[PDB]
Amino acid sequence: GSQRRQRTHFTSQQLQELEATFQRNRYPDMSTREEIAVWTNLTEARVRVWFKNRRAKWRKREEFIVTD
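To convert, take the position in the sequence shown, counting from 1, and add 141; that gives the numbering used here.
Written as structure tokens, this is what we have:
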């Protein structure tokens with residue numbers, strides 16, 4: 142019953158599964174990004190924004206932009 146369509150943002154466990162995904166492969170195929178989106182319970186578009194954000198954080202001059 143009712144509409145199934147929903148919106149999501151990255152949890153502390155989704156961020157760490159995506160860091161482990163990035164350490165394994167920094168630029169996966171679109172079907173591989175969709176499988177890890179299913180496994181994190183995200184959309185492949187929110188995952189593509191995460192890879193773009195992670196690449197921007199790698200490229201930029203700024204400090205402490207990723208937690209360690």
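Where is the CB? At the ideal position from N, CA and C, for every residue including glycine.
query	result
Local Cβ density within 10 Å of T181, reported as buried at 16 or more and exposed below that	buried
The alpha helix (DSSP H) enclosing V188, as first and last residue numbers	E185 to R200
Residue-chain proximity (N182, chain C), Cβ-Cβ < 8 Å	Among the chains of the structure shown, chain C does not appear; only one protein chain is present.
Alpha-carbon spacing of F205 relative to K198, whole angstroms	10 Å
Inter-residue CB distance, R174 and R189 (contact presumed, cutoff 8 Å)	6 Å
Three-state class that DSSP yields for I206 in the structure shown	coil
N-terminal and C-terminal residue of the alpha helix (DSSP H) that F151 is part of	Note, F151: premise wrong, no alpha helix (DSSP H); not H, not E.
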